[PDB]
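Note sheet for the following structure.
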Amino acid sequence: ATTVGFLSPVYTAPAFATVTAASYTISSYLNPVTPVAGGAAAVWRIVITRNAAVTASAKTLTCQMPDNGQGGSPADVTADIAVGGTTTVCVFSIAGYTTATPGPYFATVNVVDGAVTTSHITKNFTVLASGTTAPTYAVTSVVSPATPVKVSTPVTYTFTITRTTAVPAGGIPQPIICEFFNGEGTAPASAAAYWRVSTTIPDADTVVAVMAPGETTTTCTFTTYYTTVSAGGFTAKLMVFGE
Amino acid sequence: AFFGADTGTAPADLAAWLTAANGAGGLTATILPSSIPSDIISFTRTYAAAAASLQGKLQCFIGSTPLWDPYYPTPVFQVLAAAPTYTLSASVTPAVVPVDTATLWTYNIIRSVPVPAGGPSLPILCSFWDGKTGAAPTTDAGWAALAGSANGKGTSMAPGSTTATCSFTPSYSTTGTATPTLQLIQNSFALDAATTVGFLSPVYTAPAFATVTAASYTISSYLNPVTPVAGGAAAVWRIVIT
Amino acid sequence: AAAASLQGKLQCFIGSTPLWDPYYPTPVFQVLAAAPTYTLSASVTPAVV
Ligand SMILES: *[C@@H]1O[C@H](CO)[C@@H](O)[C@H](O)[C@H]1NC(C)=O
Ligand SMILES: [Ca+2]
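Residue numbers (the entry's author numbering), protein chains in the order written: chain A, 728 to 970; chain B, 535 to 776; chain C, 583 to 631.
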């Protein structure tokens, strides 16, 4: 109460500060790289990363998908970005794929936060005709040190993943994630429960790989140690999640 | 004569342009002997519409000879519903300077509406008064009279970009506080001083000021005979002050 | 007063028991003729953020 200001005029700098806008980085992919005409439903996943972080709120972004690349417009998607987070995801579920238009096909996705519209032009993709099978995947395993091993002995697993049909050459990558369960832990549940929570994505249990536009084969490599003795067991299990 | 997007339609016949120019809508220009340019021609057109850009056409006859084959299309221009708003901001990198020293006074300008994308740039003359010198101009005529003679300067809005940057270097002479002011006036080639009208009815003054500090001196002594004798030579102390 | 730096004396007691033997001298202070002013300059290294 009793303190007295040293300077009567409140100071203002001889210059200013320019607080610019925050840009946006949009990247999108379709989970089935080669969807069938009515064989299943395709769910486009559209990730968006902000320029900077948030301050005591959860940013609401809106995703417009006016064009399918073949004629159609489903409802928009509302997404939220955490208080400290910078990235968020929109999901667009459509199943009515037709091979009427010759192809190759592409889409455009608009993202708005403060009424500023930022468009993203999707890469090309292809759709099979009705009645044909969806190209599945196959996985084989090779262990480097080979059985029998001991406790705390280095053990390397290599999972070779192939697709029955090559990824379309028009250009779209497939982000796959190998999640490997050692056979030592608490025996996790079915694959729906295999998606555990990881701190850093290139860790000893989760690995992220990318299937290139023109390829059909890849591999994911783990190198782990073992802790307890077991005669006749320790079956290494694996799953792939496309994200 | 001329027709810019104002009333009716263009005279789709060349002789129609001829009879329009020969009447009241025409105007005469004189080119004197041994001279390249013509005198300034001025038309006035009222707009009751709004919205996007427009493109007019001129036609010009010398002894019924038509310059330019169909017409001369004028540059892209746009009519607006509301007057565009100019905002300003100011900076000094040498915030405190001594007397007789250069100081960098920078301004950034933001326009409400963008410069027409298909049209030309927007040239504007900025007139800057440091605040320590004379009483400065008060009217727009005086503001536009501040030409490039170390006091005014012409900058340009890029077509489609709503930003401007301008700079001046006032070197104050007297100590204390000097607050500058700045005025923006469209710097076209037909920029008149009698009928100039500024964009900023309140002449923007930088909220801060410039501080001028007294000039210090350095002083160094030396004397000619480093071992003087008593009564034989007079000591000469040469003192130098910078 | 005016001119050079000055000093004061502060002496305390508890039931006639004296704190500090002669006194406790105060820190050096100077009395001014007029209120001094402060000249301030400001800067930003990332002028655009
Ligand atoms: C996607 O499809 C269009 C239509 O034929 C094609 O012209 C274009 O080159 C493709 N996109 C690529 C691979 O750049
Ligand atoms: Ca994990």
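Note that beta-carbon positions come from the ideal geometry of N, C-alpha and C, so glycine has one too.
Check: Interface partners of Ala692 of chain B on chain A, CB under 7 Å; Outcome: Near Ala692 of chain B there are no residues of chain A at all, since even the closest Cβ is about 18 Å away, more than 7 Å.
Check: Rounded Cβ spacing between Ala780 of chain A and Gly811 of chain A (contact assumed at less than 8 Å); Outcome: 6 Å
Check: Neighbourhood of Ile574 of chain B by C-beta distance below 7 Å, restricted to the same chain and skipping five residues each side; Outcome: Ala724
Check: C-beta atoms of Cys947 of chain A and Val934 of chain A nearer than 8 Å; Outcome: yes
Check: Candidates A:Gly796, A:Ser846, A:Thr789, A:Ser820, of which the one nearest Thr805 of chain A by Cα; Outcome: A:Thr789
Check: Nearest residue (CA-CA) to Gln797 of chain A, options A:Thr835, A:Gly897, A:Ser925; Outcome: A:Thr835
Check: Whole-angstrom C-beta distance between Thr747 of chain A and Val630 of chain C, which should lie under 8 Å; Outcome: 6 Å
Check: Bounding residues of the beta strand (DSSP E) (the contiguous stretch that carries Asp807 of chain A); Outcome: 804-808
Check: Cβ neighbour criterion (16 or more within 10 Å) applied to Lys877 of chain A; Outcome: exposed
Check: Distance CB(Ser646 of chain B)-CB(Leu716 of chain B) smaller than 8 Å; Outcome: no
Check: Residue-chain proximity (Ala636 of chain B, chain A), Cβ-Cβ < 8 Å; Outcome: no
Check: Residues near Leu757 of chain B by beta carbon distance below 8 Å, same chain, minus five either side; Outcome: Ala769, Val770, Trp771, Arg772
Check: Whether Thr926 of chain A touches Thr889 of chain A by CB criterion (8 Å); Outcome: no
Check: Extent of the continuous alpha helix (DSSP H) run through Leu548 of chain B; Outcome: 548-556
Check: Cβ neighbours of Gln593 of chain C in the same chain (closer than 8 Å, five flanking residues each side left out); Outcome: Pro600, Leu601, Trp602, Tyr605, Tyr606
Check: Beta-bridge pairing of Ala936 of chain A - partner residues as DSSP gives them; Outcome: A:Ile903
Check: 8 Å contact criterion, which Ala918 of chain A and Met966 of chain A should meet: CB distance rounded; Outcome: 5 Å
Check: Beta-carbon neighbours of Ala742 of chain A, restricted to chain B and to distances below 9 Å; Outcome: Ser623, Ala624, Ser625, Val626, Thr627, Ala629, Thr640, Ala742
Check: Exposure label - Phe733 of chain A; buried when at least 16 CB within 10 Å; Outcome: exposed
Check: C-beta contact flag for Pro902 of chain A and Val937 of chain A at 8 Å; Outcome: yes
Check: Exposure label - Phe907 of chain A; buried when at least 16 CB within 10 Å; Outcome: buried
Check: Cα-Cα separation between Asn837 of chain A and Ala584 of chain B, rounded to whole angstroms; Outcome: 29 Å
Check: Start-to-end residues for the beta strand (DSSP E) that takes in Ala769 of chain A; Outcome: 769-777
Check: Segment contact, 8 Å Cβ cut-off, at least three pairs: the region 638-658 of chain B with the region 684-702 of chain B; Outcome: yes
Check: Contact under 8 Å by Cβ, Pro895 of chain A with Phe852 of chain A; Outcome: yes
Check: Proximity test, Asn795 of chain A beta-carbon vs ligand 1 heavy atom, cut-off 7 Å; Outcome: no
Check: Any non-hydrogen atom of ligand 1 closer than 7 Å to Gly799 of chain A Cβ; Outcome: no
Check: For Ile574 of chain B: DSSP bridge partner residues; Outcome: Its beta-bridge partners do not exist; DSSP assigns none.
Check: Supposed contact pair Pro762 of chain A and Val854 of chain A - C-beta distance, whole angstroms, cut 8 Å; Outcome: 5 Å
Check: C-alpha distance - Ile848 of chain A paired with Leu622 of chain B, whole-angstrom precision; Outcome: 37 Å
Check: N-terminal and C-terminal residue of the alpha helix (DSSP H) that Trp922 of chain A is part of; Outcome: It is not in any alpha helix (DSSP H) - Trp922 of chain A carries neither H nor E in the DSSP assignment.
Check: Any chain C beta carbon closer than 8 Å to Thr745 of chain B; Outcome: yes
Check: Proximity winner among B:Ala550, B:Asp634, B:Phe595, relative to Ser750 of chain B (alpha-carbon distances); Outcome: B:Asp634
Check: Extent of the continuous beta strand (DSSP E) run through residue 778 of chain B; Outcome: With chain B covering 535 to 776 only, the question about residue 778 of chain B has no answer from this structure.
Check: Option nearest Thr844 of chain A by Cα separation, candidates A:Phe833, A:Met792, A:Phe886, A:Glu970; Outcome: A:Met792
Check: Under 8 Å between C-beta atoms of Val613 of chain C and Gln589 of chain C; Outcome: no
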